[PDB]
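A.B. asks: Coordinates for the following, if possible.
(chains A and B)
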Amino acid sequence: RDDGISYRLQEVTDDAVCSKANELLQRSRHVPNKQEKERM
Amino acid sequence: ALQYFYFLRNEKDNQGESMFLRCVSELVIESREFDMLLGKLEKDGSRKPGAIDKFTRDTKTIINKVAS
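C.D. replies: Residues are numbered from 1 along each chain as shown, chains lettered A, B, ... in the order given. What follows is the structure:
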């Protein structure tokens, strides 16, 4: 909000990327302008 | 020169050395700069990702062989 950190967390990111892909694919359903749907 | 040599990623030397490796090595050394290419370290131990990081996700082995 404001490296070693994410490393430690994985010890004791991919989920955010999957969330982003879910968001983009979902948003593609509502896109009226087609080229934007292809972009998404 | 980086982005170019990156195309050689599949090119192996006569010793089985990925030409990419050497070429990039001579690259770093000759160029005499790593900070911009491979990054900088922040005081709290966060490694500020540098140029090479944009091309590969496996920065570990790369920097390692460079250090060798």
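A.B. asks: isn't residue A:3 right up against residue B:50?
C.D. replies: No: when contacts are counted by CB atoms under 8 Å, residue A:3 is not listed as touching residue B:50 (11.8 Å). In this view, the C-beta of every residue, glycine as well, is placed from N, C-alpha and C.
A.B. asks: who has more neighbours, those two?
C.D. replies: Neighbour totals were compared for residue A:3 and residue B:50, and residue B:50 leads with 17 against 14 (other CB atoms under 10 Å in any protein chain shown).
A.B. asks: Residues of chain B that sit close to chain A?
C.D. replies: Contact residues (CB under 8 Å from any CB of the partner chain) of chain B with chain A: B:42, B:44, B:45, B:46, B:47, B:48, B:49.
A.B. asks: Touching, the first one and residue A:4? I think so.
C.D. replies: Pointing back at residue B:42 there. No: judged on CB under 8 Å, residue B:42 makes no contact with residue A:4 at a distance of 9.2 Å.
A.B. asks: now stretch B:11-26, how far from the chain's geometric center?
C.D. replies: Per CA atoms, centre = their mean, to the nearest Å, the displacement of stretch B:11-26 from the mean C-alpha position of its chain is 12 Å.
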